[PDB]
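What follows is a set of notes on a single structure, which appears directly below.
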Ligand SMILES: CCc1nc(N)nc(N)c1-c1ccc(NCc2cc(F)cc(F)c2)cc1
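Residue numbers (the authors' numbering): 3 to 162, 165 to 333.
Below, the structure is given as structure tokens:
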């Protein structure tokens, strides 16, 4: 089963799932960086403007809904949502599973007013599930219908299909060459060891090694503030409140950036990481890379998000506890 994804500005990739009976539609990001499922709730006060601008789950319109009520707070690197737990049937690309999910009643305008998606479907491990709720993928695995204990991500470059997630395998039409796998530094987190990061001809970063969280829910590639400051000075990039920019006319000639993963160098060109919207020396162009200090136990760690995934098709293998990469097509 595959879910078609929409690509919003190269920063938000989301697909649709249906919840309840009849099905209530929601746009959601499939996030390997988290393990809970949640969507805005009809019980979310309208004083939360984000709830006025998104699809709301209304339990009182679903006959398959099962009440629970346990409070839960989900905090991401760029924001937090709070609400309570509920159960209902969820449809994900043809597959139907009874799932426990969060009904969000507190959804801060910043950043959710800037969210094209409604909610999130965590593709992480139960170990990181808040409230210890069984993740949706584990519930699908329990059904014994998927040919493989794996799911795959394809994120296209902007245009005008925005992307695609395959549950139970990979789609050969979206990658070439063969996968190369890196075992997880531990079960319960889609994090792998990274042997180094090079900018131009000089492995000036992550010498001695570091961690790499492969996060489908992260828009960019991130590193600790320290690491990023060093990466950016090398790029001649200037820091702003939320990001790093470079004079657009300089964009095209910025050096490659490679990530040493499992004995293979994964390289991105400036075209892969700079939002080239002009060539004017008078304008600033943002880079799809920035600081993000991920707290323990996960971090300190780098995060390989959409910027990385656009170039490398990614397969998350639950059975063998590893991640595989292949050149996206
Ligand atoms: C999909 C869930 C999620 N997963 C991970 N692993 N990291 C995140 N930062 C988020 C996450 C992403 C976007 C948002 N809000 C949307 C947004 C954020 C922003 F930082 C700037 C914007 F313009 C719009 C909230 C949480």
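Note that beta-carbon positions come from the ideal geometry of N, C-alpha and C, so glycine has one too.
Quiz item: Which of helix, strand or coil does DSSP assign to residue 295?
Solution: DSSP places residue 295 in strand when its eight states are reduced to three.
Quiz item: Is the closest heavy atom of ligand 1 to the C-beta of residue 80 under 7 Å?
Solution: Indeed, a heavy atom of ligand 1 lies less than 7 Å from the Cβ.
Practice problem: Have a look at residue 61 and residue 34 and give me their C-alpha separation to the nearest angstrom. | Solution: About 27 Å.
Quiz prompt | the region 83 to 97 in contact with the region 234 to 241 per 3-pair CB rule at 8 Å | solution = Contact between the region 83 to 97 and the region 234 to 241 is absent: fewer than three C-beta pairs spanning the two stretches fall below 8 Å.
Quiz prompt | Buried versus exposed call for residue 24 [16 or more other C-beta atoms within 10 Å across all chains shown] | solution = Exposed: under 16 other Cβ atoms inside 10 Å.
Quiz item: Just checking my contact of residue 84 with residue 98 at CB under 8 Å: how many whole Å lie between their CB atoms?
Solution: The C-beta distance from residue 84 to residue 98 rounds to 28 Å, too long to meet the 8 Å contact threshold.
Quiz item: How would you write the range of the beta strand (DSSP E) that residue 289 sits in, first residue to last?
Solution: Annotation: the continuous beta strand (DSSP E) that includes residue 289 extends over 288 to 290.
Quiz item: If you measure from the CB of residue 114, is any heavy atom of ligand 1 nearer than 7 Å?
Solution: The answer is yes for residue 114.
Quiz prompt | Unbroken stretches of the beta strand (DSSP E), 3 residues or longer, contained in the region 26 to 61 | solution = Fully enclosed beta strand (DSSP E) runs of 3 or longer: 26 to 33 and 39 to 42.
Quiz item: When every heavy atom of ligand 1 is checked, does at least one fall within less than 7 Å of the C-beta of residue 222?
Solution: Correct: residue 222 has its Cβ closer than 7 Å to ligand 1.
Quiz item: By Cβ distance below 6 Å, which residues in the same chain neighbour residue 293 in space, the five residues on each side in sequence not counted?
Solution: Result list for residue 293: 224, 225 and 277, in chain order.
Practice problem: Flag this pair as yes or no: are the beta carbons of residue 221 and residue 36 separated by less than 8 Å? | Solution: In this structure, residue 36 lies closer than 8 Å to residue 221 by Cβ.
Quiz item: Below 8 Å between beta carbons: does that hold for residue 127 and residue 105?
Solution: Against a cut-off of 8 Å, the Cβ pair of residue 105 and residue 127 comes out as no contact.
Quiz item: Roughly how many angstroms separate the alpha carbons of residue 9 and residue 306, rounded to a whole number?
Solution: Looking at the two C-alpha atoms, the distance is approximately 23 Å.
Quiz item: According to DSSP, is residue 214 helix, strand or coil?
Solution: The three-state secondary structure of residue 214, taken from DSSP, is strand.
Exercise. Indicate, with yes or no, if ligand 1 has a heavy atom lying under 7 Å from the CB of residue 117.
Key: Yes - ligand 1 has a heavy atom lying nearer than 7 Å to the Cβ of residue 117.
Quiz item: Can you name, in chain order, every residue of its own chain whose Cβ lies under 7 Å from the Cβ of residue 43, other than the five neighbours on each side?
Solution: Excluding sequence neighbours, residue 43 sits near 58, 59, 85, 105, 106 and 107.
Quiz item: Under a Cβ-count criterion, where at least 16 other Cβ atoms within 10 Å of its own Cβ denotes burial, should residue 6 be classed as buried or exposed?
Solution: Result: exposed.
Practice problem: Pull up the distance between the alpha-carbon of residue 149 and that of residue 140, whole angstroms please. | Solution: Residue 149 and residue 140: Cα-Cα distance of roughly 14 Å.
Exercise. Identify the continuous beta strand (DSSP E) that holds residue 236 and give its terminal residues.
Key: Looking at the DSSP string, residue 236 is not in any beta strand (DSSP E); the run it does join, the alpha helix (DSSP H), is 229 to 239.
Exercise. Kindly indicate which three-state DSSP category residue 311 falls into: helix, strand or coil?
Key: The three-state reading of DSSP puts residue 311 in helix, counting H, G and I together.
Exercise. Give a single yes or no on whether residue 33 has its beta carbon closer than 7 Å to a heavy atom of ligand 1.
Key: True, at least one ligand heavy atom lies under 7 Å from that Cβ.
Exercise. Name the residue from 161, 181, 143 and 171 whose alpha carbon lies nearest to the alpha carbon of residue 154.
Key: Of the residues 161, 181, 143 and 171, the one whose Cα lies closest to the Cα of residue 154 is 171.
Quiz item: Are the Cβ atoms of residue 29 and residue 120 separated by less than 8 Å?
Solution: For residue 29 and residue 120, yes; Cβs fall inside 8 Å.
Quiz item: Is residue 179 closer than 8 Å to residue 15 when the C-beta atoms are compared?
Solution: Their beta carbons are not under 8 Å apart, which means residue 15 does not touch residue 179 by this criterion.
Practice problem: May I ask you to report which of helix, strand or coil DSSP gives residue 258? | Solution: In the structure shown, residue 258 falls within a coil segment according to DSSP collapsed to helix, strand and coil.
Quiz item: Which same chain residues, not among the five before or five after residue 136, have their C-beta less than 7 Å away from its C-beta?
Solution: Within the same chain, residue 136 has close Cβ partners 102 and 128.
Quiz item: Closer than 7 Å: is that where the CB of residue 219 sits relative to any heavy atom of ligand 1?
Solution: Yes, ligand 1 has a heavy atom inside 7 Å of this Cβ.
Exercise. Verify whether the separation of the beta carbon atoms of residue 122 and residue 193 is less than 8 Å.
Key: Result no, Cβ atoms of residue 122 and residue 193 do not sit closer than 8 Å.
Quiz item: Do residue 329 and residue 270 have their CB atoms nearer than 8 Å?
Solution: Yes. Within cutoff.
Quiz prompt | Pair within 8 Å by beta-carbon distance, residue 133 and residue 72 | solution = The answer is yes: Cβ separation under 8 Å.
Quiz item: Any idea what DSSP makes of residue 330, helix, strand or coil?
Solution: Reduced to three states, the DSSP call for residue 330 is strand.
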